[PDB]
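Visitor: Here you go, input.txt (compact mmCIF, C-alpha atoms and all ligand atoms):
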```
# COMPACT_ATOMS: atom_id res chain seq x y z
CA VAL Y 17 22.67 -24.61 -71.03
CA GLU Y 18 22.07 -20.86 -70.93
CA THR Y 19 24.38 -18.54 -69.00
CA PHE Y 20 23.11 -15.21 -67.64
CA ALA Y 21 24.87 -12.31 -65.95
CA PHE Y 22 23.66 -11.18 -62.57
CA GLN Y 23 22.27 -7.63 -62.62
CA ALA Y 24 25.02 -5.27 -61.33
CA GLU Y 25 23.47 -4.59 -57.91
CA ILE Y 26 22.75 -8.28 -57.38
CA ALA Y 27 26.38 -9.15 -58.16
CA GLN Y 28 27.47 -6.39 -55.74
CA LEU Y 29 25.16 -7.87 -53.07
CA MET Y 30 26.59 -11.36 -53.59
CA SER Y 31 30.13 -10.02 -53.19
CA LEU Y 32 29.12 -8.18 -49.99
CA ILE Y 33 27.71 -11.42 -48.62
CA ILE Y 34 30.77 -13.45 -49.54
CA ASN Y 35 33.33 -10.86 -48.43
CA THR Y 36 31.93 -9.20 -45.30
CA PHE Y 37 33.23 -10.71 -42.04
CA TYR Y 38 30.04 -11.86 -40.34
CA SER Y 39 29.99 -14.84 -38.02
CA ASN Y 40 26.20 -15.29 -37.77
CA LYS Y 41 26.07 -17.40 -40.97
CA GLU Y 42 23.26 -19.63 -39.62
CA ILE Y 43 20.66 -17.10 -40.80
CA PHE Y 44 20.85 -18.62 -44.28
CA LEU Y 45 18.50 -21.38 -43.11
CA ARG Y 46 15.92 -18.94 -41.73
CA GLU Y 47 15.96 -17.09 -45.08
CA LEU Y 48 15.55 -20.18 -47.27
CA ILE Y 49 12.76 -21.47 -45.04
CA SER Y 50 11.08 -18.04 -45.26
CA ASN Y 51 11.16 -18.23 -49.05
CA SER Y 52 9.71 -21.77 -48.92
CA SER Y 53 6.95 -20.55 -46.56
CA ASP Y 54 6.09 -17.75 -49.04
CA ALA Y 55 5.93 -20.30 -51.91
CA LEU Y 56 3.70 -22.59 -49.82
CA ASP Y 57 1.46 -19.62 -48.89
CA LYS Y 58 1.10 -18.85 -52.58
CA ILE Y 59 0.08 -22.33 -53.77
CA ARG Y 60 -2.27 -22.62 -50.79
CA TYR Y 61 -3.80 -19.25 -51.70
CA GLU Y 62 -4.26 -20.22 -55.38
CA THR Y 63 -5.82 -23.56 -54.40
CA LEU Y 64 -8.58 -21.81 -52.44
CA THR Y 65 -10.16 -20.82 -55.75
CA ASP Y 66 -8.81 -23.63 -57.95
CA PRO Y 67 -8.31 -26.96 -56.13
CA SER Y 68 -6.85 -28.49 -59.32
CA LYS Y 69 -3.69 -26.47 -58.61
CA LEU Y 70 -2.93 -29.22 -56.06
CA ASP Y 71 -3.21 -32.04 -58.64
CA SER Y 72 0.62 -31.97 -58.74
CA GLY Y 73 0.70 -32.69 -54.99
CA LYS Y 74 -1.58 -31.98 -52.05
CA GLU Y 75 1.00 -31.97 -49.28
CA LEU Y 76 2.39 -28.53 -48.29
CA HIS Y 77 5.65 -29.01 -46.41
CA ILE Y 78 9.37 -28.32 -46.08
CA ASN Y 79 12.04 -31.04 -45.80
CA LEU Y 80 15.66 -30.44 -44.71
CA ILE Y 81 18.01 -33.10 -46.10
CA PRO Y 82 21.69 -33.25 -45.13
CA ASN Y 83 24.06 -35.51 -47.13
CA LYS Y 84 27.53 -35.84 -45.65
CA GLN Y 85 28.84 -37.89 -48.58
CA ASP Y 86 28.01 -35.13 -51.09
CA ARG Y 87 28.61 -32.33 -48.58
CA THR Y 88 25.20 -30.86 -49.37
CA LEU Y 89 22.24 -29.54 -47.38
CA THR Y 90 19.04 -29.50 -49.45
CA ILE Y 91 15.90 -27.51 -48.54
CA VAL Y 92 12.87 -28.94 -50.34
CA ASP Y 93 9.39 -27.41 -50.36
CA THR Y 94 6.16 -28.20 -52.20
CA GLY Y 95 5.25 -24.56 -52.81
CA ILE Y 96 4.16 -22.96 -56.09
CA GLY Y 97 7.57 -23.42 -57.72
CA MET Y 98 9.05 -21.28 -60.47
CA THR Y 99 8.75 -21.34 -64.25
CA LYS Y 100 11.90 -20.75 -66.33
CA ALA Y 101 10.90 -17.08 -66.70
CA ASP Y 102 10.37 -16.86 -62.90
CA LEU Y 103 13.91 -18.18 -62.26
CA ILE Y 104 15.50 -15.64 -64.60
CA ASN Y 105 13.34 -12.73 -63.43
CA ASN Y 106 13.55 -13.42 -59.71
CA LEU Y 107 16.92 -15.09 -59.18
CA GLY Y 108 19.36 -12.77 -60.76
CA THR Y 109 18.52 -10.49 -63.67
CA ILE Y 110 16.38 -7.83 -61.91
CA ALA Y 111 17.10 -5.73 -58.77
CA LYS Y 112 14.21 -4.14 -56.97
CA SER Y 113 14.11 -0.37 -56.72
CA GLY Y 114 15.96 0.58 -53.50
CA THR Y 115 18.67 -2.04 -53.76
CA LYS Y 116 21.46 0.49 -54.23
CA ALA Y 117 20.53 2.40 -51.05
CA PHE Y 118 20.15 -0.84 -49.14
CA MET Y 119 23.69 -1.91 -50.02
CA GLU Y 120 25.01 1.48 -48.97
CA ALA Y 121 23.32 0.87 -45.62
CA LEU Y 122 25.04 -2.53 -45.31
CA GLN Y 123 28.41 -0.91 -45.97
CA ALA Y 124 27.84 1.73 -43.29
CA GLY Y 125 27.32 -1.07 -40.78
CA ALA Y 126 23.74 -2.32 -41.08
CA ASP Y 127 23.44 -6.00 -40.22
CA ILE Y 128 23.73 -8.42 -43.16
CA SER Y 129 20.75 -10.26 -41.68
CA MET Y 130 18.50 -7.42 -42.94
CA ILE Y 131 18.67 -8.98 -46.44
CA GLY Y 132 15.58 -11.01 -45.40
CA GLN Y 133 13.40 -8.01 -44.61
CA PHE Y 134 14.48 -6.24 -47.78
CA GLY Y 135 13.52 -9.28 -49.89
CA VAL Y 136 16.88 -10.63 -51.12
CA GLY Y 137 17.35 -13.35 -48.49
CA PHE Y 138 17.99 -16.14 -51.02
CA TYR Y 139 21.53 -14.81 -51.49
CA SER Y 140 22.26 -15.61 -47.84
CA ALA Y 141 22.89 -19.11 -49.27
CA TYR Y 142 26.39 -17.82 -50.21
CA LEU Y 143 27.25 -17.35 -46.51
CA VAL Y 144 27.78 -21.14 -46.39
CA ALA Y 145 27.72 -22.54 -49.96
CA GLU Y 146 30.38 -22.47 -52.65
CA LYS Y 147 27.70 -23.41 -55.20
CA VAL Y 148 23.89 -23.38 -55.07
CA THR Y 149 21.65 -25.46 -57.36
CA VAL Y 150 17.93 -24.64 -57.44
CA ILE Y 151 15.70 -27.34 -59.00
CA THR Y 152 12.11 -26.20 -59.53
CA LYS Y 153 8.77 -27.28 -61.00
CA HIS Y 154 5.80 -24.91 -61.43
CA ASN Y 155 2.43 -26.19 -62.70
CA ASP Y 156 2.76 -24.01 -65.82
CA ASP Y 157 6.22 -25.14 -66.97
CA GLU Y 158 8.65 -28.06 -67.07
CA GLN Y 159 11.29 -28.80 -64.43
CA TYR Y 160 14.33 -26.47 -64.52
CA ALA Y 161 17.68 -26.17 -62.78
CA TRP Y 162 19.29 -22.82 -61.94
CA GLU Y 163 22.88 -22.88 -60.67
CA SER Y 164 25.60 -20.50 -59.58
CA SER Y 165 28.97 -20.38 -57.87
CA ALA Y 166 28.74 -16.58 -57.90
CA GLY Y 167 31.48 -14.93 -59.93
CA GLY Y 168 28.82 -12.81 -61.68
CA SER Y 169 26.86 -15.42 -63.62
CA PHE Y 170 24.32 -18.22 -63.25
CA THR Y 171 23.07 -20.95 -65.60
CA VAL Y 172 19.61 -22.28 -66.38
CA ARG Y 173 18.85 -25.58 -68.07
CA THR Y 174 15.92 -27.99 -68.28
CA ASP Y 175 16.32 -30.60 -65.54
CA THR Y 176 16.23 -34.34 -66.26
CA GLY Y 177 16.68 -35.47 -62.65
CA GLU Y 178 14.04 -37.06 -60.44
CA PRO Y 179 10.71 -35.30 -61.20
CA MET Y 180 9.49 -33.12 -58.37
CA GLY Y 181 5.74 -32.91 -58.84
CA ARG Y 182 5.68 -29.24 -57.83
CA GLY Y 183 7.93 -27.03 -55.73
CA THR Y 184 11.55 -26.02 -55.28
CA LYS Y 185 14.68 -27.75 -54.01
CA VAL Y 186 17.66 -25.60 -53.00
CA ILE Y 187 20.85 -27.67 -52.94
CA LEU Y 188 23.64 -26.02 -50.95
CA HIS Y 189 27.07 -27.35 -51.85
CA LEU Y 190 28.70 -26.38 -48.58
CA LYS Y 191 32.08 -24.73 -48.18
CA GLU Y 192 34.65 -27.01 -46.56
CA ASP Y 193 34.57 -25.10 -43.26
CA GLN Y 194 30.75 -25.05 -43.04
CA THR Y 195 30.04 -28.73 -42.43
CA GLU Y 196 28.41 -28.02 -39.08
CA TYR Y 197 25.21 -27.50 -41.16
CA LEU Y 198 25.10 -31.22 -41.98
CA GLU Y 199 24.77 -32.11 -38.26
CA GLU Y 200 21.35 -33.06 -36.90
CA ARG Y 201 21.85 -31.20 -33.61
CA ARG Y 202 22.99 -28.03 -35.34
CA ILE Y 203 20.13 -27.92 -37.82
CA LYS Y 204 17.63 -28.68 -35.05
CA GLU Y 205 19.04 -25.81 -32.97
CA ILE Y 206 18.78 -23.35 -35.86
CA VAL Y 207 15.24 -24.29 -36.77
CA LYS Y 208 14.14 -23.92 -33.15
CA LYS Y 209 15.86 -20.54 -32.80
CA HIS Y 210 14.69 -18.91 -36.04
CA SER Y 211 11.92 -20.94 -37.69
CA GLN Y 212 9.95 -22.57 -34.91
CA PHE Y 213 6.54 -21.24 -35.84
CA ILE Y 214 6.46 -21.51 -39.60
CA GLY Y 215 2.95 -22.45 -40.75
CA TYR Y 216 3.92 -25.67 -42.59
CA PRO Y 217 5.60 -28.82 -41.23
CA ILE Y 218 9.39 -28.87 -41.37
CA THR Y 219 10.94 -32.33 -41.32
CA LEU Y 220 14.63 -32.66 -40.61
CA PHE Y 221 15.84 -35.89 -42.29
CA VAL Y 222 18.69 -37.81 -40.70
CA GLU Y 223 21.53 -40.00 -42.00
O1 LIG D 1 9.60 -21.62 -55.96
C1 LIG D 1 9.19 -20.58 -55.46
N1 LIG D 1 8.07 -19.86 -55.85
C2 LIG D 1 8.00 -18.71 -55.02
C3 LIG D 1 7.05 -17.70 -55.01
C4 LIG D 1 7.20 -16.69 -54.06
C5 LIG D 1 6.20 -15.57 -54.02
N2 LIG D 1 6.81 -14.25 -53.71
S1 LIG D 1 7.37 -13.36 -55.06
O2 LIG D 1 8.04 -12.19 -54.52
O3 LIG D 1 6.28 -13.20 -56.00
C6 LIG D 1 8.56 -14.41 -55.87
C7 LIG D 1 8.12 -14.95 -57.07
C8 LIG D 1 8.94 -15.81 -57.76
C9 LIG D 1 10.17 -16.13 -57.23
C10 LIG D 1 10.60 -15.60 -56.02
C11 LIG D 1 11.85 -15.95 -55.54
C12 LIG D 1 12.29 -15.42 -54.34
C13 LIG D 1 11.49 -14.55 -53.61
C14 LIG D 1 10.24 -14.21 -54.11
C15 LIG D 1 9.80 -14.71 -55.32
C16 LIG D 1 8.27 -16.74 -53.17
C17 LIG D 1 9.23 -17.74 -53.20
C18 LIG D 1 9.07 -18.72 -54.16
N3 LIG D 1 9.81 -19.88 -54.43
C19 LIG D 1 11.06 -20.19 -53.84
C20 LIG D 1 12.18 -19.41 -54.07
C21 LIG D 1 13.34 -19.66 -53.37
CL1 LIG D 1 14.75 -18.68 -53.70
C22 LIG D 1 13.37 -20.61 -52.38
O4 LIG D 1 14.54 -20.79 -51.65
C23 LIG D 1 12.29 -21.44 -52.18
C24 LIG D 1 11.15 -21.23 -52.92
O5 LIG D 1 10.07 -22.09 -52.78
```
Translate the structure of the given file into structure tokens.

Guide:
Amino acid sequence: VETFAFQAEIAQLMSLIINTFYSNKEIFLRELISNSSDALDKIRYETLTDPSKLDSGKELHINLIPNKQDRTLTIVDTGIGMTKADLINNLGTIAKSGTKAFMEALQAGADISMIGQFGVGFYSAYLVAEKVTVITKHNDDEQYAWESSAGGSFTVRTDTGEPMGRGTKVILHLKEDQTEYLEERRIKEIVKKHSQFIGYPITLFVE
């Protein structure tokens, strides 16, 4: 298991997300679905020139899976996925130029929801999750698991769980007071409000 530090601005962003009083936490789902849509756009794009890219799975979709027993909400997509290097590079060790000014804007009152437009919407997961596990499989690498409970670090390890074929699964281990996100009606409402016209099918599983 390898442990990495979050880049300083990323850690600062995570703390802002966890600490700032902001009731509109439901935006986390819109942001994770947006990332899934980008990943699906990318594999679709690559397949236009190389159909064999879809050998690991032809279906391009997003599934939302609540599990009340585990207190988890999982967002699964069959997008391009991430290699180990992609996880490290994109989920914690590098901050895009402009991140410092963006956080200064948040502090002066800009809406936390702007993290999506800026390109750091994944971290919205920490509005509702005490821990996030990201399981991913890219055609060019083996299956990996990234994980973090914030606190300034994340881990990466090869994953031995159920093979995914291709894509990414974000497992949100919900905070005790955020169980509304395991309810069918609540998830349905959020998807309709914020993600109704995504260009790939979104299936909300039930229990
Ligand atoms: O697995 C992948 N591959 C993805 C490829 C892109 C392309 N855009 S990018 O800026 O080049 C970029 C490249 C690699 C990793 C990125 C991670 C986040 C945002 C942009 C990233 C977008 C999302 C991707 N995801 C993914 C990630 C999260 Cl966090 C999620 O919740 C669900 C997901 O499917």

Visitor: Check every protein, DNA and RNA residue against ligand LIG 1 (chain D), keep those with an atom at most 8 Å away (counting all atoms listed in the file), and present them as JSON, numbers by chain.

Guide: {"Y": [47, 48, 49, 50, 51, 52, 53, 54, 55, 56, 58, 91, 92, 93, 94, 95, 96, 97, 98, 102, 103, 105, 106, 107, 135, 136, 137, 138, 150, 152, 153, 154, 183, 184, 185, 186]}

Visitor: Considering only C-alpha atoms, can you say which of Y:194, Y:146, Y:24, Y:18 comes closest to residue 115 (chain Y)?

Guide: Y:24

Visitor: Taking only C-alpha atoms into account, which of Y:163, Y:120, Y:223, Y:158 comes nearest residue 19 (chain Y)?

Guide: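 For residue 19 (chain Y), the nearest of the given residues is Y:163.
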
Visitor: For each of Y:40, Y:195, Y:159, Y:63, take the minimum atom-to-atom distance to residue 175 (chain Y), counting all atoms listed in the file, then give the residue where this is smallest.

Guide: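 Counting all atoms listed in the file, the residue closest to residue 175 (chain Y) is Y:159.
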
Visitor: Given all atoms listed in the file as the basis, pick out the residue of Y:78, Y:88, Y:187, Y:193 nearest to residue 211 (chain Y).

Guide: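 Result for the nearest residue to residue 211 (chain Y): Y:78.
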
Visitor: Provide the CA of residue 203 (chain Y) to CA of residue 134 (chain Y) distance in Å, to one decimal place.

Guide: 24.5 Å
